[PDB]
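Structure first, then comments.
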Amino acid sequence: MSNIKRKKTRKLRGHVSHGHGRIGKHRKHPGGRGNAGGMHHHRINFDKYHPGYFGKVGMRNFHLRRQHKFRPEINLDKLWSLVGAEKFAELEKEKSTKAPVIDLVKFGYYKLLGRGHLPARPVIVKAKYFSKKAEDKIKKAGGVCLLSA
Amino acid sequence: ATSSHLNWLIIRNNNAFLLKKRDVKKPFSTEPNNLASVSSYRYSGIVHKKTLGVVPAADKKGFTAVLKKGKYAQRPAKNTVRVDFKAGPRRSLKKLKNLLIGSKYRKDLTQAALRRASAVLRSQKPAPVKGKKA
Amino acid sequence: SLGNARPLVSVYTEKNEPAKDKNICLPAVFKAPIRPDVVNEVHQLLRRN
Amino acid sequence: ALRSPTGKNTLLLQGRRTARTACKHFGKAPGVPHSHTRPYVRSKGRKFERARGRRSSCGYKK
Amino acid sequence: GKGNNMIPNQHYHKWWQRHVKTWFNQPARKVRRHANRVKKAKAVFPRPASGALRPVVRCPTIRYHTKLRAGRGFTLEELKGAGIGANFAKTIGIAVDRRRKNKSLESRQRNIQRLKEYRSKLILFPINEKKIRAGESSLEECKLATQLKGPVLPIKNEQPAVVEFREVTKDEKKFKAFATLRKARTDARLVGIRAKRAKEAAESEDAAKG
Amino acid sequence: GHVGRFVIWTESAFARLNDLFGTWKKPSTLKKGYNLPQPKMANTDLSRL
RNA sequence: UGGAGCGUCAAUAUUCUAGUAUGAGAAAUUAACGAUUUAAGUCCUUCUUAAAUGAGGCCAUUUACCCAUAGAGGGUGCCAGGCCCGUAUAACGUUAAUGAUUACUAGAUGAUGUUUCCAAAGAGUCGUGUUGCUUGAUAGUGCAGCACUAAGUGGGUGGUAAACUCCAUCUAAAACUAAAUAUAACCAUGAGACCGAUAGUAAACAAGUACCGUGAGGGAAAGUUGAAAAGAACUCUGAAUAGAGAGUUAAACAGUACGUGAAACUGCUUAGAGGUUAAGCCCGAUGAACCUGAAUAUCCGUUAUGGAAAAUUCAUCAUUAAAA
RNA sequence: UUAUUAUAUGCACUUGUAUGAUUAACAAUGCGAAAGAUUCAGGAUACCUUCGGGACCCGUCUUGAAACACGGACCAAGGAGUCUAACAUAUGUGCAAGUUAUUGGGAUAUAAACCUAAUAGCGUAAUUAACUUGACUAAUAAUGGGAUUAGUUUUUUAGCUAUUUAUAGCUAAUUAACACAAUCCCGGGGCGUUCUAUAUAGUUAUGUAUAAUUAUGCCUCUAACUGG
RNA sequence: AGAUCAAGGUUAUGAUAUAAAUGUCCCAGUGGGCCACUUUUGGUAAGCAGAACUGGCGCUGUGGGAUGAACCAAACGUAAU
RNA sequence: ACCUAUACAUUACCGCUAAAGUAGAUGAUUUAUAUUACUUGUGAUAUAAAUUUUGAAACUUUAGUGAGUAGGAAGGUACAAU
RNA sequence: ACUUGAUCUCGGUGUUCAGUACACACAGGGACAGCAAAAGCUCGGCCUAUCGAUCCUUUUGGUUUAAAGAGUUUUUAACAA
């Protein structure tokens, strides 16, 4: 299924030692099978290129379950693409019968972080969580970061 | 869409008339509208209505019926068929070549078309000659 | 840009029938790019099934 | 080119060629105070290249 | 050997070549399984083609609070709470499975009203065609009314996208909901050590009487 | 891999191509979210360029 | 994940369900299977002269002999839709399954709340200790052996051992059970970017054969005359298989190494030559032999000038009709 | 003043010299010759004949092979860098904060193609051993800022071709502006760890003040929170 | 030590530019060397042993030294002069 | 004096490497001549004849230049199938 | 004479160098100190040797984080030297 003329064997055939050397022939396994031995005769290769192999840092959690750390993330950077931008122009006349209502857990997200630099309208954000800067940089604009259940 | 340069880079190499022959670096089209039979870009089946050629006859020897391009009344989405028109000069072996320069002025094939009608009129002739030697 | 650009495709019927009053417009796939390099690369692969 | 063939009143820009994350790994001696260049791990966690040669307790700090 | 590449872990040391599965009959198991559904939907009846009723919402964990485990039960209170016929529900095709110990009012209602939506569209063939207690009809016998055996029995499937553009637009939005979270966590952190302090404050005064 | 088989549309075949691959103006209805591909060069006639 | 009876409320009870006979349907449907029909040219000329399946021809029907829901495949002296078996649609046929009604068989009135009434439930087993194997299973994941050996608001589990308070969750130590799932074997089929007789199975064939080993076991080689045997009569010579004539075929340069028939190696003929690098060989030439390629409108011009023929949308031509 | 040199040769017309990698004029020889067929040149094609010159046997390992190194008598068939899995880079292609039917389902013409719901991977946000925590003063900003910047706008100046002397192109002199990409410096944030400020007052609520969890006062025992 | 202004002539030895600068693939091979001038250590010496510099051989044919891996000339597309 | 290399040099040819040029052909360009604006003089117009495609993946111009194992890259070439 | 700087902390440099790690050394910032009237000097030995990963065991440190149904205590583990 792979175009063989561009493979080297179509081309190296036939000069004699097939690209692998007269002195230092292509033998079976001249260094070790696999990660042998990254602690004796491959150690330079294993630190560089992978510092941190060969130890134990520690706290064992027998049977981690991947729900107790779920918490999907969203910054204030989006937050307003979740309502339409075509529903951003109308509150940008200016006219504030709004903040809107954003229910970030109905979308998929829990943690509202604060990267952001979001506009001067208020928002009403029902998410399950907070950043310190998500609470500030919303309530400065008027609205409120609110707890989803 | 349709332009003779987009049409040609699709056709340039994967053609069905181009039939290159074995040393000669990439030429020959066996087209019915080529008149200098290589494959250039502007000797070609469809180059979109610069498509003139020179055909005999049907009656050998007098004619050369000339399929003149059937032009820009056509897209050339086809025509309730028109697009080959076949005005065929006759009757004088070296007057009609003036009457082909006189006919068309599409100055790109012009000296390579009456270069062909001559080379048909060179060929259809030789019946009552090449005889006796008594 | 256009979708129209040659915007009348006549319909024909069994007796070679140029004439209808039905003249439908060129349906705008026919301006989209011809790319034989991607067609050949989808064809290479899809007929391996 | 049919409008500005010479390019009068145009702004010819290009996004960053090393924006991408293949470029994050070029090139790596741990032992210099400036590498910061992203190994080829399979997965992010503890017990994945995080122990000996990264921490001053286990082994050394790179 | 050589280079900066990604320590390998391919698990090919165990005479694996005798464990290989082909998948070349992926297509004619799709064809087998489909010709059986056609076979089985005709060998029922006008009866629905899937077809049980399959209750729930509320898949368990915190990821899927909402996207269903696929409802085995209908948990006999929901039958008894919905006008049937607990043994009888099985004879229709309601799938009565008596292992679920319904833990909510609202989950019990969610399926009771599901058991009222269907059973209001569930047409009933009579037995002896006198039909003293129908409750639906015999002129809504399926030839007259439906005869459909339509294909899916849908689950009403989960709105939440949304976004419903509202004014609340609060006045008492002066309340520090980021710090209720910091206050809630330590409340749950120090339950016991407050309760130990709620022992010495309940016992140091008993050293005053003696 | 070779584009352009000689093709014959019937009438109600031809009148559906503005739905399948939708149009230049609007997307398609029969292919969810599909949007006709845009060429790298819209005018594509060099000899008039 | 329990019940049994009572009160009890509601509905209701010539009744339906299950089953065997059941002719359902004036054979009715559906499915299997063998079927069963070949639809349509062996129509005319050419090469084979050994054979057309090839090659050319067949009014028109906007040009195609005919059929085509049948241009899958195979057989036929060469490449066959129309020669033949089939193929497509189907009929035809025997099977089966859907039992309408009727009979006997056998069973059966609840579901509904309530609090009354007795409201149980698997031990040398669980579990602990220890040992051994085992697992991702970690102060034990499973399993087993041995000493110990239970309880009944009990007992198990709740990925960190331990007491103590609770919470959550199921009911061990007894029994069944279709479907999805698996399939180098067995019956019966259809395929393929596979191999093409040193390949593919070892084996395309009298192949697990011939042979070898005391045994266990081991294990080959081996396809092709031609369309048809028309398989060479007969004659001569021989002691003879055989040779030489003859015969057969399109062909014996297809005669049982039977299609092709390569190389290696060589008997014979013809050519030239021979005491040195052993021979080969490179480069320049050579004798012999064979061979390949070769040219027409001008100096100090595609100029001066006379003869014929035919003919013309050409003229100074003119109208006219188009189609671009 | 003695000399010297250049400029002041248009119109025609030559077979003239030069210069377009400066070879061409004159003759001789011989007819592509209808099929038929000679002349002149050439042919180490692949050999034989005659001489001269050169010329060690290949493959291999090796510092070094013609080697008194190993394999090879010769010939035909066979005969050795592959499938897979997972990465990484480069290039091609599709879509782009996304993308990816393919486990399945549906349509259905047939192990294809088409269509498609719920997910799911990977990406979009990270860092801690962990619990915590979670990305620029700000409704705006590409390492914020700084250099070195290709390029577009722009400055006036003589100025160049055209000039109507309008309008271009040109160099720059040179003004200003944004400065893409890339690298080089200085920052700033997230998280971690550490020092340090709090002597802390104080910032918000429980509490507290009252009414009736509730209402409002306000101190702050308490928790939260600010700081370099 | 810096951030913005002011002044600065003709850009501050010579000769060079077969293009230089920079990433990635740290991709192939290699990680047995031998020879030589001058320097040099061990050995009595060695066509021995071990180092420093430059150039070669390895990988390299051709001319010369009758002969030769390194010597002296010279580095190699096919040809004429 | 003279002989002698695959060196030096000048030329033909092959490749490489590095530059440079060409695409309005219902256009460009000749040669004449009729007319002409006329600027004396040279252009513009009509006629008659003539030349003027290239797989632009092409064509044209110019200069330097050529050792090679192990080894890498490009372009061809044989075999068989879809 | 008097002393504990033979201390505590954060990075950086020299050497070995692959320009990796230990180890030794050095130039500093922070803190706490010693001697000295002060300036100053001291981060062991006047300078060039006097040394040792992972895993495991261990101890000292937080007034620590975790044992994933919930509380407290034992225990085990983690992190730093």
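Following the order of the structure tokens, first chain is A, next is B, and so on, with residues numbered from 1 inside each chain and ligands from 1 in the order they appear.
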
Expected answer as number ranges by chain: chain G residues within 10 Å of chain A, only C-alpha atoms (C1' of nucleotides): G: 136-138, 159-160

DSSP-assigned helix (DSSP H, G or I) among chain C, expressed as JSON, numbers by chain: {"C": [36, 37, 38, 39, 40, 41, 42, 43, 44, 45, 46]}

Polymer residues at most 12 Å from region 122-139 of chain E, only C-alpha atoms (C1' of nucleotides), same-chain spacing of 4 or more positions, as JSON, numbers by chain: {"E": [45, 46, 47, 48, 53, 83, 84, 89, 91, 92, 93, 94, 115, 116, 117, 118, 143, 144, 145, 146, 147, 148, 149, 153], "G": [11, 12, 15, 16, 17]}

Mind writing the picked residues with C-alpha atoms (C1' of nucleotides) as a PDB file, in the first residue's frame?
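Written file, selection.pdb:
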```
ATOM      1  CA  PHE E  45     -47.093  -7.699  14.498  1.00  0.00           C
ATOM      2  CA  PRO E  46     -48.155  -4.159  14.110  1.00  0.00           C
ATOM      3  CA  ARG E  47     -46.446  -4.088  17.591  1.00  0.00           C
ATOM      4  CA  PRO E  48     -43.529  -1.640  17.751  1.00  0.00           C
ATOM      5  CA  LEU E  53     -40.372   1.463  26.614  1.00  0.00           C
ATOM      6  CA  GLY E  83     -52.773   3.157  36.418  1.00  0.00           C
ATOM      7  CA  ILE E  84     -51.379  -0.275  35.523  1.00  0.00           C
ATOM      8  CA  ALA E  89     -47.372  -3.952  31.878  1.00  0.00           C
ATOM      9  CA  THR E  91     -47.745  -8.220  28.697  1.00  0.00           C
ATOM     10  CA  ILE E  92     -48.040  -5.046  26.746  1.00  0.00           C
ATOM     11  CA  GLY E  93     -44.354  -4.303  26.530  1.00  0.00           C
ATOM     12  CA  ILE E  94     -43.425  -1.745  29.058  1.00  0.00           C
ATOM     13  CA  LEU E 115     -45.990   5.942  31.407  1.00  0.00           C
ATOM     14  CA  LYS E 116     -48.923   8.224  30.803  1.00  0.00           C
ATOM     15  CA  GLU E 117     -47.752   9.571  27.454  1.00  0.00           C
ATOM     16  CA  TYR E 118     -47.541   6.082  26.133  1.00  0.00           C
ATOM     17  CA  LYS E 143     -55.887  -0.920  10.607  1.00  0.00           C
ATOM     18  CA  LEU E 144     -58.270   1.934  11.159  1.00  0.00           C
ATOM     19  CA  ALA E 145     -56.046   4.201  13.197  1.00  0.00           C
ATOM     20  CA  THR E 146     -52.315   3.496  12.987  1.00  0.00           C
ATOM     21  CA  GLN E 147     -51.045   0.030  11.859  1.00  0.00           C
ATOM     22  CA  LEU E 148     -47.669   1.725  11.818  1.00  0.00           C
ATOM     23  CA  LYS E 149     -45.060  -0.222  13.785  1.00  0.00           C
ATOM     24  CA  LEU E 153     -39.753   4.881  20.399  1.00  0.00           C
TER      25      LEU E 153
ATOM     26  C1'   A G  11     -63.452  -4.231  38.295  1.00  0.00           C
ATOM     27  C1'   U G  12     -65.213  -8.619  36.615  1.00  0.00           C
ATOM     28  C1'   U G  15     -65.227 -16.851  30.435  1.00  0.00           C
ATOM     29  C1'   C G  16     -60.526 -16.620  27.928  1.00  0.00           C
ATOM     30  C1'   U G  17     -55.792 -18.835  27.588  1.00  0.00           C
TER      31        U G  17
END
```

Non-local contacts of region 63-75 of chain B (6 Å; only C-alpha atoms (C1' of nucleotides); under 2 positions in same chain excluded) as JSON, numbers by chain: {"B": [49, 51, 52, 53, 54, 55, 56, 57, 61, 77, 83, 84, 85, 86, 87, 88, 89, 90]}

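The interatomic distance for the pair CA of residue 121 (chain E) and CA of residue 156 (chain E) works out to 15.6 Å.
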
Spatial neighbours of region 21-26 of chain F, max dist 12 Å, only C-alpha atoms (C1' of nucleotides), sep filter under 6 positions, as number ranges by chain: C: 1-4, 26-32; F: 15, 32-39

Quick one: write out the picked residues with N, CA and C atoms as an mmCIF file, in the first residue's frame?
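Result file is again26.cif:
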```cif
data_model
loop_
_atom_site.group_PDB
_atom_site.id
_atom_site.type_symbol
_atom_site.label_atom_id
_atom_site.label_comp_id
_atom_site.auth_asym_id
_atom_site.auth_seq_id
_atom_site.Cartn_x
_atom_site.Cartn_y
_atom_site.Cartn_z
ATOM 1 N N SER C 1 -18.516 32.937 -6.914
ATOM 2 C CA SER C 1 -19.161 34.225 -6.788
ATOM 3 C C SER C 1 -20.530 34.210 -7.379
ATOM 4 N N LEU C 2 -20.717 33.503 -8.485
ATOM 5 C CA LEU C 2 -21.900 33.760 -9.283
ATOM 6 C C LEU C 2 -22.999 32.742 -9.038
ATOM 7 N N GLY C 3 -22.718 31.467 -9.264
ATOM 8 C CA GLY C 3 -23.762 30.457 -9.332
ATOM 9 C C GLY C 3 -24.621 30.471 -10.585
ATOM 10 N N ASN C 4 -24.543 31.524 -11.396
ATOM 11 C CA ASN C 4 -25.361 31.625 -12.586
ATOM 12 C C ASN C 4 -24.567 31.486 -13.872
ATOM 13 N N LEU C 26 -28.204 26.649 -14.300
ATOM 14 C CA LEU C 26 -27.044 25.784 -14.065
ATOM 15 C C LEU C 26 -26.741 25.692 -12.581
ATOM 16 N N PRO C 27 -26.754 24.531 -12.013
ATOM 17 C CA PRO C 27 -27.026 24.406 -10.595
ATOM 18 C C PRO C 27 -25.855 24.646 -9.676
ATOM 19 N N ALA C 28 -24.834 25.367 -10.109
ATOM 20 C CA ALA C 28 -23.818 25.972 -9.255
ATOM 21 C C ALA C 28 -22.871 24.987 -8.627
ATOM 22 N N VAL C 29 -23.008 23.691 -8.882
ATOM 23 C CA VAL C 29 -21.891 22.805 -8.636
ATOM 24 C C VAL C 29 -20.897 22.950 -9.753
ATOM 25 N N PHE C 30 -21.338 23.410 -10.896
ATOM 26 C CA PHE C 30 -20.520 23.331 -12.079
ATOM 27 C C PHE C 30 -19.525 24.465 -12.171
ATOM 28 N N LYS C 31 -19.542 25.397 -11.229
ATOM 29 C CA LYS C 31 -18.495 26.396 -11.111
ATOM 30 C C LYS C 31 -17.438 26.017 -10.070
ATOM 31 N N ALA C 32 -17.751 25.091 -9.168
ATOM 32 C CA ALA C 32 -16.845 24.667 -8.111
ATOM 33 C C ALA C 32 -15.593 24.018 -8.701
ATOM 34 N N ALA F 15 -32.467 18.727 -11.152
ATOM 35 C CA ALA F 15 -33.053 19.739 -10.303
ATOM 36 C C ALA F 15 -32.813 19.484 -8.829
ATOM 37 N N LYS F 32 -25.610 17.614 5.779
ATOM 38 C CA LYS F 32 -25.735 18.498 6.923
ATOM 39 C C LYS F 32 -24.501 19.329 7.105
ATOM 40 N N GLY F 33 -24.639 20.630 6.951
ATOM 41 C CA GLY F 33 -23.496 21.499 7.118
ATOM 42 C C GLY F 33 -22.499 21.559 5.979
ATOM 43 N N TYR F 34 -22.794 20.989 4.816
ATOM 44 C CA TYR F 34 -21.840 20.964 3.729
ATOM 45 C C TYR F 34 -21.887 22.292 3.032
ATOM 46 N N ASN F 35 -20.751 22.713 2.516
ATOM 47 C CA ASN F 35 -20.545 24.035 1.962
ATOM 48 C C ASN F 35 -19.568 23.915 0.816
ATOM 49 N N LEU F 36 -19.992 24.341 -0.351
ATOM 50 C CA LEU F 36 -19.322 24.045 -1.597
ATOM 51 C C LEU F 36 -17.914 24.610 -1.575
ATOM 52 N N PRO F 37 -16.923 23.894 -2.083
ATOM 53 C CA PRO F 37 -15.549 24.350 -1.926
ATOM 54 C C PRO F 37 -15.231 25.520 -2.835
ATOM 55 N N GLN F 38 -14.450 26.451 -2.321
ATOM 56 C CA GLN F 38 -14.088 27.695 -2.984
ATOM 57 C C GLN F 38 -12.786 27.538 -3.723
ATOM 58 N N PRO F 39 -12.672 28.006 -4.944
ATOM 59 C CA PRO F 39 -11.429 27.833 -5.683
ATOM 60 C C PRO F 39 -10.362 28.817 -5.238
#
```

Near-residue 73 (chain A) list (12 Å; only C-alpha atoms (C1' of nucleotides); drop same-chain fewer than 2 positions) as a ChimeraX atom specification: /A:69-71,75-79,104-105,107-115,127-131,134 /H:124-126,134

Counting only C-alpha atoms (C1' of nucleotides), chain J residues within 12 Å of chain F, as a PyMOL selection string: chain J and resi 23-25

Please dump the current selection as a PDB file, in the first residue's frame; keep N, CA and C atoms (P, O5', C5', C4', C3', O3' and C1' of nucleotides).
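again33.pdb, freshly written:
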```
ATOM      1  P     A J  23       7.078  39.328 -23.396  1.00  0.00           P
ATOM      2  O5'   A J  23       6.009  38.580 -22.562  1.00  0.00           O
ATOM      3  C5'   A J  23       4.699  38.554 -23.051  1.00  0.00           C
ATOM      4  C4'   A J  23       4.523  37.299 -23.827  1.00  0.00           C
ATOM      5  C3'   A J  23       3.117  36.837 -24.083  1.00  0.00           C
ATOM      6  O3'   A J  23       2.592  37.419 -25.238  1.00  0.00           O
ATOM      7  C1'   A J  23       4.413  35.066 -23.310  1.00  0.00           C
ATOM      8  P     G J  24       1.160  38.073 -25.168  1.00  0.00           P
ATOM      9  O5'   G J  24       0.960  38.713 -26.588  1.00  0.00           O
ATOM     10  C5'   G J  24      -0.353  38.890 -27.067  1.00  0.00           C
ATOM     11  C4'   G J  24      -1.130  39.791 -26.164  1.00  0.00           C
ATOM     12  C3'   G J  24      -2.372  40.402 -26.757  1.00  0.00           C
ATOM     13  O3'   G J  24      -3.470  39.582 -26.498  1.00  0.00           O
ATOM     14  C1'   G J  24      -1.130  41.971 -25.461  1.00  0.00           C
ATOM     15  P     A J  25      -4.246  38.940 -27.708  1.00  0.00           P
ATOM     16  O5'   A J  25      -3.452  37.606 -27.927  1.00  0.00           O
ATOM     17  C5'   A J  25      -3.749  36.792 -29.031  1.00  0.00           C
ATOM     18  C4'   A J  25      -3.061  37.326 -30.236  1.00  0.00           C
ATOM     19  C3'   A J  25      -3.296  36.594 -31.513  1.00  0.00           C
ATOM     20  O3'   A J  25      -4.428  37.135 -32.140  1.00  0.00           O
ATOM     21  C1'   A J  25      -1.015  37.175 -31.267  1.00  0.00           C
TER      22        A J  25
END
```

Residue neighbourhood residue 65 (chain J), 12 Å, only C-alpha atoms (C1' of nucleotides), exclusion window fewer than 5 positions, as an NGL selection string: (:I and (18 or 77)) or (:J and (15-18))
